[PDB]
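my_file.cif follows (mmCIF, C-alpha atoms and all ligand atoms):
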data_run
loop_
_atom_site.group_PDB
_atom_site.id
_atom_site.type_symbol
_atom_site.label_atom_id
_atom_site.label_comp_id
_atom_site.auth_asym_id
_atom_site.auth_seq_id
_atom_site.Cartn_x
_atom_site.Cartn_y
_atom_site.Cartn_z
ATOM 1 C CA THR W 1 -64.934 71.577 -25.142
ATOM 2 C CA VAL W 2 -63.297 69.290 -22.489
ATOM 3 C CA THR W 3 -63.545 69.353 -18.664
ATOM 4 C CA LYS W 4 -62.287 67.370 -15.651
ATOM 5 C CA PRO W 5 -64.780 64.590 -14.800
ATOM 6 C CA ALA W 6 -65.877 65.359 -11.213
ATOM 7 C CA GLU W 7 -64.942 61.812 -10.036
ATOM 8 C CA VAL W 8 -61.224 62.177 -11.179
ATOM 9 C CA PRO W 9 -59.081 63.634 -8.318
ATOM 10 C CA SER W 10 -57.315 66.986 -8.923
ATOM 11 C CA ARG W 11 -53.796 65.608 -8.723
ATOM 12 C CA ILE W 12 -54.595 62.916 -11.381
ATOM 13 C CA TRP W 13 -56.148 65.382 -13.774
ATOM 14 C CA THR W 14 -53.097 67.579 -13.568
ATOM 15 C CA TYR W 15 -50.908 64.544 -14.455
ATOM 16 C CA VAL W 16 -52.959 63.438 -17.508
ATOM 17 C CA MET W 17 -53.422 66.925 -18.810
ATOM 18 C CA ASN W 18 -49.617 67.267 -18.706
ATOM 19 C CA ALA W 19 -49.451 64.026 -20.669
ATOM 20 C CA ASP W 20 -52.110 65.346 -23.014
ATOM 21 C CA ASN W 21 -50.056 68.520 -23.694
ATOM 22 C CA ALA W 22 -46.932 66.552 -24.402
ATOM 23 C CA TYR W 23 -48.982 64.843 -27.203
ATOM 24 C CA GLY W 24 -51.021 67.850 -28.438
ATOM 25 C CA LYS W 25 -54.315 66.027 -28.022
ATOM 26 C CA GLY W 26 -56.539 68.945 -27.207
ATOM 27 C CA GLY W 27 -57.561 67.537 -23.811
ATOM 28 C CA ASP W 28 -59.101 64.354 -25.329
ATOM 29 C CA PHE W 29 -56.208 61.996 -24.448
ATOM 30 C CA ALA W 30 -56.482 63.346 -20.905
ATOM 31 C CA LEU W 31 -60.027 61.843 -20.722
ATOM 32 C CA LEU W 32 -58.912 58.481 -22.051
ATOM 33 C CA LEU W 33 -55.934 58.422 -19.653
ATOM 34 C CA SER W 34 -58.398 59.188 -16.799
ATOM 35 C CA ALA W 35 -60.436 56.131 -17.790
ATOM 36 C CA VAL W 36 -57.315 54.006 -17.984
ATOM 37 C CA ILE W 37 -56.041 55.062 -14.502
ATOM 38 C CA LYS W 38 -59.472 54.494 -12.903
ATOM 39 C CA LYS W 39 -59.484 50.904 -14.246
ATOM 40 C CA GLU W 40 -55.769 50.258 -13.583
ATOM 41 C CA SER W 41 -55.222 51.663 -10.061
ATOM 42 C CA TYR W 42 -58.374 53.490 -9.068
ATOM 43 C CA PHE W 43 -56.372 56.665 -8.968
ATOM 44 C CA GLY W 44 -54.004 54.937 -6.563
ATOM 45 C CA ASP W 45 -56.693 53.898 -4.050
ATOM 46 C CA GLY W 46 -57.045 50.504 -5.687
ATOM 47 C CA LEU W 47 -53.384 49.437 -5.564
ATOM 48 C CA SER W 48 -52.856 47.884 -2.062
ATOM 49 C CA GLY W 49 -53.436 44.110 -1.628
ATOM 50 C CA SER W 50 -52.614 43.363 -5.283
ATOM 51 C CA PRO W 51 -49.269 41.706 -6.269
ATOM 52 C CA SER W 52 -48.879 44.440 -8.926
ATOM 53 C CA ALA W 53 -49.393 47.278 -6.429
ATOM 54 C CA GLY W 54 -45.785 48.288 -6.946
ATOM 55 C CA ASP W 55 -46.349 49.022 -10.673
ATOM 56 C CA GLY W 56 -48.110 52.328 -9.905
ATOM 57 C CA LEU W 57 -50.876 54.350 -11.529
ATOM 58 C CA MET W 58 -50.998 52.963 -15.120
ATOM 59 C CA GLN W 59 -49.798 49.545 -13.980
ATOM 60 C CA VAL W 60 -46.881 49.277 -16.369
ATOM 61 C CA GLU W 61 -45.137 46.010 -15.580
ATOM 62 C CA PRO W 62 -41.454 45.938 -14.686
ATOM 63 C CA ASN W 63 -40.267 44.349 -17.956
ATOM 64 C CA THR W 64 -42.408 46.817 -20.010
ATOM 65 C CA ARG W 65 -41.003 49.796 -18.180
ATOM 66 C CA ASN W 66 -37.479 48.479 -18.790
ATOM 67 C CA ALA W 67 -38.185 48.162 -22.572
ATOM 68 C CA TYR W 68 -39.292 51.834 -22.924
ATOM 69 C CA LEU W 69 -36.719 53.739 -20.801
ATOM 70 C CA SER W 70 -34.679 55.316 -23.597
ATOM 71 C CA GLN W 71 -37.851 56.231 -25.414
ATOM 72 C CA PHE W 72 -39.318 57.883 -22.251
ATOM 73 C CA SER W 73 -36.120 59.868 -21.837
ATOM 74 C CA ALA W 74 -36.252 61.196 -25.425
ATOM 75 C CA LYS W 75 -39.930 62.153 -25.305
ATOM 76 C CA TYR W 76 -39.824 63.820 -21.870
ATOM 77 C CA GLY W 77 -36.230 65.113 -21.303
ATOM 78 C CA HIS W 78 -35.421 63.173 -18.147
ATOM 79 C CA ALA W 79 -34.809 59.577 -17.100
ATOM 80 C CA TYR W 80 -37.988 57.743 -15.985
ATOM 81 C CA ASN W 81 -38.386 57.904 -12.188
ATOM 82 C CA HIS W 82 -40.775 55.224 -11.000
ATOM 83 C CA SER W 83 -41.287 57.034 -7.695
ATOM 84 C CA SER W 84 -42.694 60.060 -9.578
ATOM 85 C CA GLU W 85 -46.413 59.747 -10.129
ATOM 86 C CA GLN W 86 -46.252 62.205 -13.059
ATOM 87 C CA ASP W 87 -43.585 59.965 -14.664
ATOM 88 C CA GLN W 88 -45.704 56.856 -14.113
ATOM 89 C CA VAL W 89 -48.509 58.533 -16.052
ATOM 90 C CA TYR W 90 -46.007 59.853 -18.656
ATOM 91 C CA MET W 91 -44.768 56.290 -19.116
ATOM 92 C CA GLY W 92 -48.216 54.696 -19.493
ATOM 93 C CA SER W 93 -49.155 57.543 -21.894
ATOM 94 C CA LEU W 94 -46.247 57.024 -24.168
ATOM 95 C CA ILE W 95 -46.941 53.310 -24.429
ATOM 96 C CA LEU W 96 -50.660 53.734 -24.945
ATOM 97 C CA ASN W 97 -50.077 56.427 -27.517
ATOM 98 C CA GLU W 98 -47.533 54.202 -29.284
ATOM 99 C CA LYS W 99 -50.154 51.405 -29.476
ATOM 100 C CA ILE W 100 -53.002 53.678 -30.640
ATOM 101 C CA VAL W 101 -50.742 54.992 -33.396
ATOM 102 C CA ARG W 102 -49.307 51.610 -34.356
ATOM 103 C CA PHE W 103 -52.559 49.663 -34.516
ATOM 104 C CA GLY W 104 -54.583 52.630 -35.800
ATOM 105 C CA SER W 105 -57.413 52.869 -33.228
ATOM 106 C CA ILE W 106 -58.325 53.712 -29.686
ATOM 107 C CA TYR W 107 -59.962 50.320 -29.044
ATOM 108 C CA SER W 108 -57.046 48.416 -30.422
ATOM 109 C CA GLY W 109 -54.537 50.647 -28.520
ATOM 110 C CA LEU W 110 -56.427 49.813 -25.292
ATOM 111 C CA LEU W 111 -56.611 46.028 -25.956
ATOM 112 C CA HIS W 112 -52.865 45.691 -26.617
ATOM 113 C CA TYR W 113 -51.967 48.092 -23.868
ATOM 114 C CA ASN W 114 -53.476 45.680 -21.352
ATOM 115 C CA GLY W 115 -52.531 42.432 -23.109
ATOM 116 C CA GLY W 116 -49.328 43.322 -25.047
ATOM 117 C CA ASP W 117 -49.022 42.922 -28.834
ATOM 118 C CA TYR W 118 -49.486 39.111 -28.714
ATOM 119 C CA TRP W 119 -52.381 38.742 -26.304
ATOM 120 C CA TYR W 120 -54.730 35.718 -26.797
ATOM 121 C CA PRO W 121 -57.846 34.810 -24.714
ATOM 122 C CA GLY W 122 -56.282 32.978 -21.776
ATOM 123 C CA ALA W 123 -52.790 34.649 -21.643
ATOM 124 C CA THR W 124 -51.395 35.630 -18.227
ATOM 125 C CA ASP W 125 -49.533 38.705 -16.926
ATOM 126 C CA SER W 126 -46.216 38.855 -15.111
ATOM 127 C CA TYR W 127 -48.023 37.920 -11.926
ATOM 128 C CA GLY W 128 -49.726 34.935 -13.519
ATOM 129 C CA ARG W 129 -53.190 36.527 -13.599
ATOM 130 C CA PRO W 130 -55.545 36.082 -16.555
ATOM 131 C CA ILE W 131 -55.567 39.122 -18.915
ATOM 132 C CA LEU W 132 -59.075 39.904 -20.143
ATOM 133 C CA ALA W 133 -57.875 42.380 -22.762
ATOM 134 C CA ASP W 134 -61.196 42.533 -24.741
ATOM 135 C CA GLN W 135 -63.220 43.304 -21.595
ATOM 136 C CA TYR W 136 -60.593 45.859 -20.578
ATOM 137 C CA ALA W 137 -60.880 47.694 -23.877
ATOM 138 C CA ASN W 138 -64.712 47.580 -23.902
ATOM 139 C CA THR W 139 -65.200 49.053 -20.463
ATOM 140 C CA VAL W 140 -62.272 51.488 -20.732
ATOM 141 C CA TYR W 141 -63.682 52.773 -24.005
ATOM 142 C CA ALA W 142 -67.175 53.065 -22.487
ATOM 143 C CA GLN W 143 -65.630 55.109 -19.629
ATOM 144 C CA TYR W 144 -63.756 57.355 -22.015
ATOM 145 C CA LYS W 145 -67.010 57.911 -23.870
ATOM 146 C CA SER W 146 -68.920 58.763 -20.633
ATOM 147 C CA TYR W 147 -66.238 61.282 -19.668
ATOM 148 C CA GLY W 148 -66.862 63.016 -23.005
ATOM 149 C CA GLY W 149 -64.329 61.355 -25.364
ATOM 150 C CA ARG W 150 -64.909 62.501 -29.009
ATOM 151 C CA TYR W 151 -62.761 60.011 -31.045
HETATM 152 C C1 LIG F 201 -63.285 42.921 -9.996
HETATM 153 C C2 LIG F 201 -62.638 44.179 -10.544
HETATM 154 O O1 LIG F 201 -63.251 44.956 -11.304
HETATM 155 N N1 LIG F 201 -61.374 44.430 -10.166
HETATM 156 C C3 LIG F 201 -60.740 45.652 -10.677
HETATM 157 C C4 LIG F 201 -59.376 45.343 -11.284
HETATM 158 O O2 LIG F 201 -59.681 44.981 -12.615
HETATM 159 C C5 LIG F 201 -58.414 46.537 -11.199
HETATM 160 O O3 LIG F 201 -57.202 45.782 -11.375
HETATM 161 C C6 LIG F 201 -56.353 46.172 -12.457
HETATM 162 O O4 LIG F 201 -56.764 45.493 -13.643
HETATM 163 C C7 LIG F 201 -56.006 45.624 -14.826
HETATM 164 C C8 LIG F 201 -56.760 44.576 -15.677
HETATM 165 O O5 LIG F 201 -58.105 45.041 -15.772
HETATM 166 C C9 LIG F 201 -54.563 45.170 -14.613
HETATM 167 O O6 LIG F 201 -53.640 45.290 -15.733
HETATM 168 C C10 LIG F 201 -54.001 45.871 -13.337
HETATM 169 O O7 LIG F 201 -52.740 45.228 -13.128
HETATM 170 C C11 LIG F 201 -54.937 45.771 -12.113
HETATM 171 N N2 LIG F 201 -54.500 46.584 -10.980
HETATM 172 C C12 LIG F 201 -54.022 46.061 -9.839
HETATM 173 C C13 LIG F 201 -53.575 47.068 -8.811
HETATM 174 O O8 LIG F 201 -53.920 44.849 -9.595
HETATM 175 C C14 LIG F 201 -58.440 47.189 -9.798
HETATM 176 C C15 LIG F 201 -57.540 48.428 -9.666
HETATM 177 O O9 LIG F 201 -58.326 49.597 -9.578
HETATM 178 O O10 LIG F 201 -59.722 47.669 -9.503
HETATM 179 C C16 LIG F 201 -60.814 46.780 -9.625
HETATM 180 O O11 LIG F 201 -61.886 47.612 -10.016
HETATM 181 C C1 LIG F 202 -49.395 48.218 -19.613
HETATM 182 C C2 LIG F 202 -48.638 46.933 -19.516
HETATM 183 O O1 LIG F 202 -47.642 46.807 -18.779
HETATM 184 N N1 LIG F 202 -49.081 45.934 -20.270
HETATM 185 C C3 LIG F 202 -48.384 44.710 -20.152
HETATM 186 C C4 LIG F 202 -47.796 44.232 -21.475
HETATM 187 O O2 LIG F 202 -46.709 45.085 -21.833
HETATM 188 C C5 LIG F 202 -47.375 42.775 -21.294
HETATM 189 O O3 LIG F 202 -46.679 42.316 -22.449
HETATM 190 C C6 LIG F 202 -45.377 41.793 -22.598
HETATM 191 O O4 LIG F 202 -44.575 42.917 -22.436
HETATM 192 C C7 LIG F 202 -43.225 42.968 -22.857
HETATM 193 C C8 LIG F 202 -43.067 44.434 -23.288
HETATM 194 O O5 LIG F 202 -41.695 44.734 -23.434
HETATM 195 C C9 LIG F 202 -42.848 41.970 -23.983
HETATM 196 O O6 LIG F 202 -41.509 41.535 -23.891
HETATM 197 C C10 LIG F 202 -43.712 40.710 -24.067
HETATM 198 O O7 LIG F 202 -43.387 40.046 -25.280
HETATM 199 C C11 LIG F 202 -45.190 41.102 -23.952
HETATM 200 N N2 LIG F 202 -46.163 40.008 -24.075
HETATM 201 C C12 LIG F 202 -47.086 39.904 -25.059
HETATM 202 C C13 LIG F 202 -48.020 38.727 -24.975
HETATM 203 O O8 LIG F 202 -47.192 40.688 -26.012
HETATM 204 C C14 LIG F 202 -48.360 41.854 -20.501
HETATM 205 C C15 LIG F 202 -47.797 40.460 -20.212
HETATM 206 O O9 LIG F 202 -46.625 40.468 -19.404
HETATM 207 O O10 LIG F 202 -48.827 42.403 -19.276
HETATM 208 C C16 LIG F 202 -49.363 43.726 -19.444
HETATM 209 O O11 LIG F 202 -49.797 44.296 -18.201
#

Would you mind writing the file's structure down as structure tokens?
Amino acid sequence: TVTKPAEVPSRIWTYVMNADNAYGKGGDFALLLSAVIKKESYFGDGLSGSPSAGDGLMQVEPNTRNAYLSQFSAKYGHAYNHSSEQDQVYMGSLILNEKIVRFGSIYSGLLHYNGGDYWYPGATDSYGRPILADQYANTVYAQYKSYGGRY
């Protein structure tokens, strides 16, 4: 059985569970999306001061959001609204789920979520920061496991 980790705030859990339902994941994707958002934005409390603050809860970069708009709209029935927190989480979900499916694993989905499909040790993000996509996937997967992930 799955349950909200006590550290995850109510409003976030609602958002990821809605994402989880849109994928039929039995509550398990919700746990992985919780781990992702904690690392990415600290639920929103870890955004301010960073140059990528404006990219929201799952930290999807502007050019990445642009690439997935029509896909977002098909999956969820409305045009992506970056001001909607629920949409931000819906957008990160769709992309993460697309990588997990495409590459065949959670770990690999996580690595290429943070680094893109062509990440190499040393590559930089849209802000020019180093992307440590291996470390990201290790510690996000550990987190997902602690929260009860089964897969
Ligand atoms: C030292 C440390 O742990 N800093 C954390 C940051 O890693 C985290 O930043 C987010 O990191 C992702 C890479 O791990 C980025 O893709 C994402 O853009 C970035 N978020 C921001 C707002 O810059 C922040 C956010 O919670 O928390 C620290 O724990
Ligand atoms: C969650 C997130 O936004 N991850 C970012 C990656 O998408 C991103 O990758 C780059 O994204 C574009 C997606 O349309 C591609 O045009 C581009 O080719 C791709 N780069 C690579 C190396 O695959 C990276 C880098 O900007 O940042 C992540 O945060």

Practice item. Tell me, as a PyMOL selection string, which residues lie within 6 Å of segment 54-61 of chain W, counting only C-alpha atoms; anything in the same chain fewer than 5 positions away does not count. Key: chain W and resi 37+40-41+44+92

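The shortest atom-to-atom distance to ligand LIG 201 (chain F), with only C-alpha atoms and all ligand atoms taken into account, belongs to W:126 out of W:84, W:126, W:108, W:70.
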
- Query: Got a sec to resolve the PyMOL selection byres (((chain W and resi 125) around 10) and not hetatm) on this structure and send the residues as a PyMOL selection string?
  - Reply: chain W and resi 52+61+114-116+119+123-124+126-131

Next, write the just-selected residues to a file, as a compact mmCIF listing (two decimals), keeping the file's coordinate frame, keeping C-alpha atoms as the atom set.
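So result_31.txt came out as:
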# COMPACT_ATOMS: atom_id res chain seq x y z
CA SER W 52 -48.88 44.44 -8.93
CA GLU W 61 -45.14 46.01 -15.58
CA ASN W 114 -53.48 45.68 -21.35
CA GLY W 115 -52.53 42.43 -23.11
CA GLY W 116 -49.33 43.32 -25.05
CA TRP W 119 -52.38 38.74 -26.30
CA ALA W 123 -52.79 34.65 -21.64
CA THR W 124 -51.40 35.63 -18.23
CA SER W 126 -46.22 38.85 -15.11
CA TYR W 127 -48.02 37.92 -11.93
CA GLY W 128 -49.73 34.94 -13.52
CA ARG W 129 -53.19 36.53 -13.60
CA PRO W 130 -55.54 36.08 -16.56
CA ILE W 131 -55.57 39.12 -18.92

Here atom CA of residue 27 of chain W and atom CA of residue 13 of chain W stand apart by 10.4 Å

Report, as AutoDock Vina command-line options, the axis-aligned box around all atoms of segment 49-64 of chain W present in the file, extended by 3 Å on each side; give centre and edge lengths in Å to one decimal place.
--center_x -46.9 --center_y 48.0 --center_z -10.8 --size_x 19.2 --size_y 18.6 --size_z 24.4

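Nearest to residue 101 of chain W of all the residues W:150, W:28, W:113, W:118 is W:113, based on only C-alpha atoms.
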
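Here atom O3 of ligand LIG 201 (chain F) is placed at a distance of 25.0 Å from atom CA of residue 102 of chain W.
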
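Each of W:53, W:142, W:132, W:2 was checked against residue 111 of chain W using all atoms listed in the file; the smallest atom-to-atom distance is that of W:132.
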
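Comparing the minimum interatomic distances between ligand LIG 202 (chain F) and each of W:140, W:30, W:35, W:133, counting only C-alpha atoms and all ligand atoms, we find that W:133 sits nearest.
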
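Atom pair atom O3 of ligand LIG 201 (chain F) / atom CA of residue 45 of chain W has a distance of 10.9 Å (rounded to one decimal).
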
Note to self: Can you translate the PyMOL selection byres (((chain W and resi 146) around 12) and not hetatm) into the concrete residues it hits in this file, as a ChimeraX atom specification?
What the structure shows: /W:4-7,31-32,34-35,139-145,147-150

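For the set W:136, W:80, W:15, W:151, the residue with the smallest atom-to-atom gap to ligand LIG 201 (chain F) is W:136, counting only C-alpha atoms and all ligand atoms.
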
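Distances from W:94, W:51, W:81, W:104 to residue 23 of chain W were compared using only C-alpha atoms, and the smallest one belongs to W:94.
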
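Residue membership of the PyMOL selection byres (((chain W and resi 12) around 9) and not hetatm) in the shown file amounts to residues 8, 9, 10, 11, 13, 14, 15, 16, 17, 34, 37, 43, 85, 86 and 89 of chain W.
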
Reconstruct N, CA and C atoms of segment 10-22 of chain W; output as a CSV table (one decimal), in the frame of the given file.
chain,number,residue,atom,x,y,z
W,10,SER,N,-58.1,65.9,-8.4
W,10,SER,CA,-57.3,67.0,-8.9
W,10,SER,C,-55.9,66.6,-9.3
W,11,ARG,N,-55.2,65.9,-8.4
W,11,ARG,CA,-53.8,65.6,-8.7
W,11,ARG,C,-53.6,64.7,-10.0
W,12,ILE,N,-54.6,63.8,-10.2
W,12,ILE,CA,-54.6,62.9,-11.4
W,12,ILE,C,-54.8,63.7,-12.7
W,13,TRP,N,-55.8,64.7,-12.6
W,13,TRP,CA,-56.1,65.4,-13.8
W,13,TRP,C,-55.0,66.2,-14.2
W,14,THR,N,-54.3,66.8,-13.2
W,14,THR,CA,-53.1,67.6,-13.6
W,14,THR,C,-52.1,66.7,-14.3
W,15,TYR,N,-51.9,65.4,-13.9
W,15,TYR,CA,-50.9,64.5,-14.5
W,15,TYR,C,-51.2,64.2,-15.9
W,16,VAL,N,-52.5,63.9,-16.2
W,16,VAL,CA,-53.0,63.4,-17.5
W,16,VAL,C,-53.0,64.6,-18.5
W,17,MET,N,-53.4,65.7,-18.0
W,17,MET,CA,-53.4,66.9,-18.8
W,17,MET,C,-52.0,67.2,-19.2
W,18,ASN,N,-51.0,67.1,-18.3
W,18,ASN,CA,-49.6,67.3,-18.7
W,18,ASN,C,-49.2,66.2,-19.8
W,19,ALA,N,-49.7,65.0,-19.6
W,19,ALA,CA,-49.5,64.0,-20.7
W,19,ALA,C,-50.1,64.5,-22.0
W,20,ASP,N,-51.4,65.0,-21.9
W,20,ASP,CA,-52.1,65.3,-23.0
W,20,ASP,C,-51.4,66.5,-23.8
W,21,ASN,N,-50.9,67.4,-23.1
W,21,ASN,CA,-50.1,68.5,-23.7
W,21,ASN,C,-48.8,68.0,-24.4
W,22,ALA,N,-48.1,67.1,-23.8
W,22,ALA,CA,-46.9,66.6,-24.4
W,22,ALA,C,-47.3,65.9,-25.7
